[PDB]
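Here the structure comes first, spelled out in structure tokens, and everything after it is commentary.
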Amino acid sequence: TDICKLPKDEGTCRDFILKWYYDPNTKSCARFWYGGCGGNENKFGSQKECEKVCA
């Protein structure tokens with residue numbers, strides 16, 4: 001899904017939560033801090049879910 005190729009988007013706001021995004025260059029998911037606003041769909045709550053959908 002093109003969703004998995006969207007770039008990492010930390011967004012804005014200050015309700016910081018650790019999320020996971022898929023990195024097509026390493027073909028694996030990595031952690032990132034999301035502020036709570038203005039992100040995109042390449043964002044998952046767990047490494048396992050991110051891997052299932054995008055790996």
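A note on labels: chains of the structure tokens are A, B, ... as shown, every chain counts residues from 1, and ligands are counted from 1 in their shown order.
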
**Request:** Excluding residue A:32 and residues on its chain fewer than 6 positions from it, collect all residues at most 9 Å away from it, counting only C-alpha atoms, and give them as a VMD selection string.
**Result:** chain A and resid 8 to 10 17 to 21 43

Please, could you write that set of residues out with N, CA, C and O atoms as an mmCIF file, in the first residue's frame?
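In the end it all went to out12.cif:
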```
data_model
loop_
_atom_site.group_PDB
_atom_site.id
_atom_site.type_symbol
_atom_site.label_atom_id
_atom_site.label_comp_id
_atom_site.auth_asym_id
_atom_site.auth_seq_id
_atom_site.Cartn_x
_atom_site.Cartn_y
_atom_site.Cartn_z
ATOM 1 N N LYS A 8 8.074 9.475 7.242
ATOM 2 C CA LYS A 8 7.842 9.635 8.678
ATOM 3 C C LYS A 8 7.374 11.079 8.917
ATOM 4 O O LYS A 8 7.996 12.031 8.431
ATOM 5 N N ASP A 9 6.295 11.237 9.669
ATOM 6 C CA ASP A 9 5.745 12.569 9.939
ATOM 7 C C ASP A 9 5.508 12.757 11.439
ATOM 8 O O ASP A 9 4.514 12.282 11.986
ATOM 9 N N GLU A 10 6.423 13.449 12.105
ATOM 10 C CA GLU A 10 6.290 13.675 13.536
ATOM 11 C C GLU A 10 5.126 14.597 13.896
ATOM 12 O O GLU A 10 4.698 14.668 15.054
ATOM 13 N N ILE A 17 3.361 10.723 21.706
ATOM 14 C CA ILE A 17 3.127 9.303 21.855
ATOM 15 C C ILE A 17 4.074 8.589 20.901
ATOM 16 O O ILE A 17 4.310 9.060 19.788
ATOM 17 N N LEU A 18 4.716 7.536 21.399
ATOM 18 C CA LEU A 18 5.643 6.730 20.616
ATOM 19 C C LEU A 18 4.861 5.872 19.642
ATOM 20 O O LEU A 18 3.969 5.119 20.046
ATOM 21 N N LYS A 19 5.170 6.021 18.362
ATOM 22 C CA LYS A 19 4.507 5.263 17.311
ATOM 23 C C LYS A 19 5.569 4.570 16.475
ATOM 24 O O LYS A 19 6.769 4.773 16.685
ATOM 25 N N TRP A 20 5.117 3.780 15.507
ATOM 26 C CA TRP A 20 6.012 3.067 14.607
ATOM 27 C C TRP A 20 5.658 3.414 13.163
ATOM 28 O O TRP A 20 4.480 3.599 12.820
ATOM 29 N N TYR A 21 6.669 3.531 12.312
ATOM 30 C CA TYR A 21 6.410 3.802 10.908
ATOM 31 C C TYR A 21 7.265 2.812 10.114
ATOM 32 O O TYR A 21 8.246 2.259 10.640
ATOM 33 N N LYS A 43 1.693 5.225 10.393
ATOM 34 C CA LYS A 43 1.814 5.378 11.831
ATOM 35 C C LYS A 43 0.993 4.279 12.486
ATOM 36 O O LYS A 43 -0.203 4.149 12.230
#
```

**Request:** Would you list, as an NGL selection string, the residues of chain A that end up in strand (DSSP E) under DSSP run on this structure's backbone?
**Result:** :A and (17-23 or 28-34)

**Request:** Can you list, as a ChimeraX atom specification, all residues belonging to chain A that DSSP tags as helix (DSSP H, G or I)?
**Result:** /A:2-5,47-54

Save out the residues we just selected, N, CA, C and O atoms, as a compact mmCIF listing (two decimals), in the first residue's frame.
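The result, written out as again.txt:
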```txt
# COMPACT_ATOMS: atom_id res chain seq x y z
N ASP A 2 0.53 2.26 -0.80
CA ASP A 2 1.31 3.50 -0.84
C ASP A 2 1.40 4.11 0.57
O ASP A 2 2.28 4.92 0.85
N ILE A 3 0.47 3.72 1.43
CA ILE A 3 0.48 4.20 2.81
C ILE A 3 1.84 3.91 3.47
O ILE A 3 2.43 4.77 4.13
N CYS A 4 2.36 2.71 3.25
CA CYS A 4 3.64 2.30 3.84
C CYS A 4 4.85 3.04 3.30
O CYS A 4 5.95 2.93 3.86
N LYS A 5 4.68 3.76 2.20
CA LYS A 5 5.79 4.50 1.63
C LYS A 5 5.74 5.99 1.96
O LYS A 5 6.60 6.75 1.52
N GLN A 47 5.08 -2.36 16.89
CA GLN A 47 5.97 -2.79 15.82
C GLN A 47 5.33 -3.96 15.07
O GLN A 47 5.37 -4.02 13.84
N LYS A 48 4.68 -4.85 15.81
CA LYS A 48 4.03 -6.01 15.21
C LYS A 48 2.96 -5.64 14.18
O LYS A 48 2.91 -6.23 13.09
N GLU A 49 2.12 -4.66 14.50
CA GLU A 49 1.07 -4.25 13.57
C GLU A 49 1.69 -3.60 12.33
O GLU A 49 1.28 -3.87 11.20
N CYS A 50 2.70 -2.76 12.55
CA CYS A 50 3.38 -2.09 11.44
C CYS A 50 3.99 -3.13 10.48
O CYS A 50 3.88 -3.02 9.26
N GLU A 51 4.62 -4.16 11.05
CA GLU A 51 5.26 -5.21 10.26
C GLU A 51 4.24 -6.04 9.49
O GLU A 51 4.46 -6.37 8.33
N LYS A 52 3.12 -6.36 10.12
CA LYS A 52 2.08 -7.14 9.44
C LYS A 52 1.58 -6.41 8.21
O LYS A 52 1.49 -6.98 7.13
N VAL A 53 1.26 -5.13 8.37
CA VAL A 53 0.65 -4.34 7.29
C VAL A 53 1.66 -3.98 6.19
O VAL A 53 1.32 -4.03 4.99
N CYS A 54 2.96 -3.70 6.56
CA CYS A 54 3.84 -3.09 5.54
C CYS A 54 5.00 -4.01 5.14
O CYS A 54 5.58 -3.84 4.05
```

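When only C-alpha atoms are used to compute distances to residue A:11, the closest of the residues A:55, A:46, A:36, A:23 turns out to be A:36.
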
**Complete:** Using only C-alpha atoms, the best pick from A:16, A:41, A:25, A:33 as closest to residue A:1 would be A:41

**Asked** Residues at most 9 Å from residue A:15, counting only C-alpha atoms, excluding those fewer than 6 positions away in the same chain, as a ChimeraX atom specification?
**Response** /A:34-37
